[PDB]
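work_22.cif (mmCIF, C-alpha atoms; chains and numbers go by the auth columns) appears below.
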```cif
data_work
#
loop_
_atom_site.group_PDB
_atom_site.id
_atom_site.type_symbol
_atom_site.label_atom_id
_atom_site.label_comp_id
_atom_site.label_asym_id
_atom_site.label_seq_id
_atom_site.Cartn_x
_atom_site.Cartn_y
_atom_site.Cartn_z
_atom_site.B_iso_or_equiv
_atom_site.auth_seq_id
_atom_site.auth_asym_id
ATOM 1 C CA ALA A 1 20.148 6.843 -18.784 0.00 1 A
ATOM 2 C CA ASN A 2 19.751 6.996 -14.999 0.00 2 A
ATOM 3 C CA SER A 3 17.239 9.529 -13.673 0.00 3 A
ATOM 4 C CA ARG A 4 17.981 9.617 -9.934 0.00 4 A
ATOM 5 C CA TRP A 5 18.849 13.332 -9.873 0.00 5 A
ATOM 6 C CA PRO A 6 16.251 15.898 -10.952 0.00 6 A
ATOM 7 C CA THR A 7 16.611 17.894 -14.150 0.00 7 A
ATOM 8 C CA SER A 8 15.029 21.309 -14.640 0.00 8 A
ATOM 9 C CA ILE A 9 14.699 23.213 -17.914 0.00 9 A
ATOM 10 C CA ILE A 10 15.354 26.901 -17.251 0.00 10 A
ATOM 11 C CA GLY B 1 39.398 22.822 -15.663 0.00 284 B
ATOM 12 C CA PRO B 2 39.991 26.533 -15.089 0.00 285 B
ATOM 13 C CA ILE B 3 37.276 28.601 -13.464 0.00 286 B
ATOM 14 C CA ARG B 4 35.747 30.875 -16.138 0.00 287 B
ATOM 15 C CA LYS B 5 33.635 34.014 -16.065 0.00 288 B
ATOM 16 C CA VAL B 6 31.040 34.053 -18.851 0.00 289 B
ATOM 17 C CA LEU B 7 28.563 36.751 -19.891 0.00 290 B
ATOM 18 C CA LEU B 8 25.050 35.841 -21.099 0.00 291 B
ATOM 19 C CA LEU B 9 22.536 38.272 -22.621 0.00 292 B
ATOM 20 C CA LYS B 10 18.881 37.318 -22.117 0.00 293 B
ATOM 21 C CA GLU B 11 15.746 39.080 -23.272 0.00 294 B
ATOM 22 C CA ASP B 12 12.761 39.170 -20.901 0.00 295 B
ATOM 23 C CA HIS B 13 10.591 36.812 -23.005 0.00 296 B
ATOM 24 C CA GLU B 14 13.220 34.044 -22.849 0.00 297 B
ATOM 25 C CA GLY B 15 14.627 31.562 -20.394 0.00 298 B
ATOM 26 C CA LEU B 16 18.331 30.853 -20.032 0.00 299 B
ATOM 27 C CA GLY B 17 18.244 27.965 -22.497 0.00 300 B
ATOM 28 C CA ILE B 18 19.829 25.331 -20.285 0.00 301 B
ATOM 29 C CA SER B 19 18.862 22.284 -18.351 0.00 302 B
ATOM 30 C CA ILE B 20 20.445 21.806 -14.956 0.00 303 B
ATOM 31 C CA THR B 21 20.834 18.743 -12.789 0.00 304 B
ATOM 32 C CA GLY B 22 22.455 18.062 -9.439 0.00 305 B
ATOM 33 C CA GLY B 23 22.401 20.146 -6.289 0.00 306 B
ATOM 34 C CA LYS B 24 23.591 19.976 -2.696 0.00 307 B
ATOM 35 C CA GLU B 25 21.030 17.389 -1.624 0.00 308 B
ATOM 36 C CA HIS B 26 22.541 15.033 -4.230 0.00 309 B
ATOM 37 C CA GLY B 27 26.141 15.720 -3.234 0.00 310 B
ATOM 38 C CA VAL B 28 27.006 17.331 -6.552 0.00 311 B
ATOM 39 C CA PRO B 29 27.187 20.855 -7.998 0.00 312 B
ATOM 40 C CA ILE B 30 24.560 22.489 -10.135 0.00 313 B
ATOM 41 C CA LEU B 31 25.558 21.007 -13.495 0.00 314 B
ATOM 42 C CA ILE B 32 24.536 22.004 -16.990 0.00 315 B
ATOM 43 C CA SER B 33 23.111 18.928 -18.692 0.00 316 B
ATOM 44 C CA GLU B 34 21.722 20.615 -21.825 0.00 317 B
ATOM 45 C CA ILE B 35 22.439 23.727 -23.868 0.00 318 B
ATOM 46 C CA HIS B 36 19.304 24.323 -25.937 0.00 319 B
ATOM 47 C CA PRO B 37 20.023 25.359 -29.517 0.00 320 B
ATOM 48 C CA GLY B 38 19.496 28.999 -30.373 0.00 321 B
ATOM 49 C CA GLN B 39 18.566 30.096 -26.846 0.00 322 B
ATOM 50 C CA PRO B 40 20.599 32.541 -24.728 0.00 323 B
ATOM 51 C CA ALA B 41 23.179 30.129 -23.287 0.00 324 B
ATOM 52 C CA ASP B 42 23.919 28.708 -26.742 0.00 325 B
ATOM 53 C CA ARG B 43 24.151 32.199 -28.197 0.00 326 B
ATOM 54 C CA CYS B 44 26.527 33.508 -25.516 0.00 327 B
ATOM 55 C CA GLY B 45 29.078 30.926 -26.645 0.00 328 B
ATOM 56 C CA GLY B 46 30.789 30.237 -23.316 0.00 329 B
ATOM 57 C CA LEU B 47 28.503 27.779 -21.490 0.00 330 B
ATOM 58 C CA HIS B 48 28.663 24.057 -22.169 0.00 331 B
ATOM 59 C CA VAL B 49 27.261 20.721 -21.110 0.00 332 B
ATOM 60 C CA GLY B 50 29.223 19.448 -18.126 0.00 333 B
ATOM 61 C CA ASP B 51 29.926 22.912 -16.731 0.00 334 B
ATOM 62 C CA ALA B 52 29.277 23.310 -13.027 0.00 335 B
ATOM 63 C CA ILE B 53 27.663 26.638 -12.196 0.00 336 B
ATOM 64 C CA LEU B 54 29.609 28.075 -9.290 0.00 337 B
ATOM 65 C CA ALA B 55 27.875 31.459 -9.158 0.00 338 B
ATOM 66 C CA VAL B 56 25.491 33.716 -11.054 0.00 339 B
ATOM 67 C CA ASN B 57 25.645 37.518 -10.751 0.00 340 B
ATOM 68 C CA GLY B 58 27.831 36.993 -7.676 0.00 341 B
ATOM 69 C CA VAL B 59 25.415 34.583 -5.972 0.00 342 B
ATOM 70 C CA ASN B 60 27.284 31.437 -4.882 0.00 343 B
ATOM 71 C CA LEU B 61 25.557 28.271 -6.059 0.00 344 B
ATOM 72 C CA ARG B 62 28.118 25.763 -4.799 0.00 345 B
ATOM 73 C CA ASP B 63 26.077 24.708 -1.751 0.00 346 B
ATOM 74 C CA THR B 64 22.624 25.270 -3.152 0.00 347 B
ATOM 75 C CA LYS B 65 19.895 22.667 -3.430 0.00 348 B
ATOM 76 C CA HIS B 66 18.428 21.976 -6.836 0.00 349 B
ATOM 77 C CA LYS B 67 15.233 24.034 -6.440 0.00 350 B
ATOM 78 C CA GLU B 68 17.072 26.850 -4.695 0.00 351 B
ATOM 79 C CA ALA B 69 19.296 27.121 -7.780 0.00 352 B
ATOM 80 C CA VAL B 70 16.283 27.136 -10.113 0.00 353 B
ATOM 81 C CA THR B 71 14.758 30.071 -8.239 0.00 354 B
ATOM 82 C CA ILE B 72 18.010 32.014 -8.170 0.00 355 B
ATOM 83 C CA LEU B 73 18.883 31.323 -11.814 0.00 356 B
ATOM 84 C CA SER B 74 15.392 32.100 -13.171 0.00 357 B
ATOM 85 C CA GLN B 75 15.318 35.444 -11.293 0.00 358 B
ATOM 86 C CA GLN B 76 18.262 36.839 -13.246 0.00 359 B
ATOM 87 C CA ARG B 77 17.551 39.262 -16.099 0.00 360 B
ATOM 88 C CA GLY B 78 19.365 40.969 -18.923 0.00 361 B
ATOM 89 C CA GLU B 79 23.148 40.888 -18.752 0.00 362 B
ATOM 90 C CA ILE B 80 23.970 37.933 -16.546 0.00 363 B
ATOM 91 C CA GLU B 81 27.401 36.895 -15.323 0.00 364 B
ATOM 92 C CA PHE B 82 28.216 33.253 -14.719 0.00 365 B
ATOM 93 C CA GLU B 83 31.156 31.701 -12.957 0.00 366 B
ATOM 94 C CA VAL B 84 31.584 28.156 -14.254 0.00 367 B
ATOM 95 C CA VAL B 85 34.031 25.285 -14.407 0.00 368 B
ATOM 96 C CA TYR B 86 34.239 22.154 -16.496 0.00 369 B
ATOM 97 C CA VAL B 87 35.419 19.110 -14.553 0.00 370 B
#
```
Write-out of the structure in structure tokens:
Amino acid sequence: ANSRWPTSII
Amino acid sequence: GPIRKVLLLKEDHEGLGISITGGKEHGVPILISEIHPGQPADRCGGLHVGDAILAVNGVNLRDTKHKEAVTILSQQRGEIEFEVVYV
């Protein structure tokens, strides 16, 4: 999928 | 959907057990993109993929940038209240 926004594991 | 208040219980050796995406700089809320199996968010029962996190322990996250939200969320300990909504 698209990865334009960041993702953080928290 | 309806705004919900959800309680999560976290031990100090754990994270929240979620992945978040979005943030003010992207024009979207802090959104839960993963609920990791067996970790505190999964165990609490009331947090789901697609939920926007509106607030945590009374701290508004609706206008927060991504990394601001990470810092705020990761600071919370123990019995943690969330205000969330699924859209």
| said: With distances taken over all atoms listed in the file, which residue among B:353, B:335, B:330, B:324 lies nearest residue 7 in chain A? | reply: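 Looking only at the distances to residue 7 in chain A, the closest residue turns out to be B:353.
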| task | Between CA of residue 294 in chain B and CA of residue 318 in chain B, measure the distance and give it in Å to one decimal. | result |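 Atom-to-atom, CA of residue 294 in chain B and CA of residue 318 in chain B are spaced 16.8 Å apart.
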| said: Report as a PyMOL selection string all protein, DNA and RNA residues lying within 6 Å of residue 307 in chain B, evaluated on only C-alpha atoms, omitting residues in the same chain fewer than 2 positions from it. | reply: chain B and resi 309-311+346-348
Please tabulate, as a tab-separated table, the residues of chain B that come within 6 Å of chain A, each with its closest pair of atoms and the distance in Å to one decimal, counting all atoms listed in the file and ordering rows by chain, then residue number upward.
```
residue	atom	partner	partner_atom	distance
B:298	CA	A:10	CA	5.7
B:299	CA	A:10	CA	5.7
B:301	CA	A:10	CA	5.6
B:302	CA	A:9	CA	4.3
B:303	CA	A:8	CA	5.4
B:304	CA	A:7	CA	4.5
B:305	CA	A:5	CA	6.0
```
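Between CA of residue 290 in chain B and CA of residue 365 in chain B there is a distance of 6.3 Å.
Against this structure, the PyMOL selection byres ((chain B and resi 334) around 7) ends up with residues 314, 315, 330, 331, 332, 333, 335, 336, 367, 368 and 369 of chain B.
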Can you report as lines of an AutoDock Vina configuration file the centre and edge lengths in Å, to one decimal, of an axis-aligned box around the listed atoms of range 1-9 of chain A padded with 8 Å on each side?
```
center_x = 17.4
center_y = 15.0
center_z = -14.3
size_x = 21.4
size_y = 32.4
size_z = 24.9
```
| message | Counting all atoms listed in the file, which residue out of B:370, B:344, B:291, B:286 sits closest to residue 322 in chain B? | response |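 Ranked by minimum distance to residue 322 in chain B, first place goes to B:291.
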| field | Interatomic distance (Å, one decimal) between CA of residue 360 in chain B and CA of residue 284 in chain B | value | 27.3 Å
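Taking all atoms listed in the file into account, residue 323 in chain B lies nearest to B:297 out of the set B:351, B:308, B:297, B:366.
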| request: Pick out the residues sitting within 7 Å of residue 292 in chain B, and hand them over as a ChimeraX atom specification; count only C-alpha atoms, and ignore anything fewer than 3 positions along from it in its own chain. | output: /B:323,327,361-363
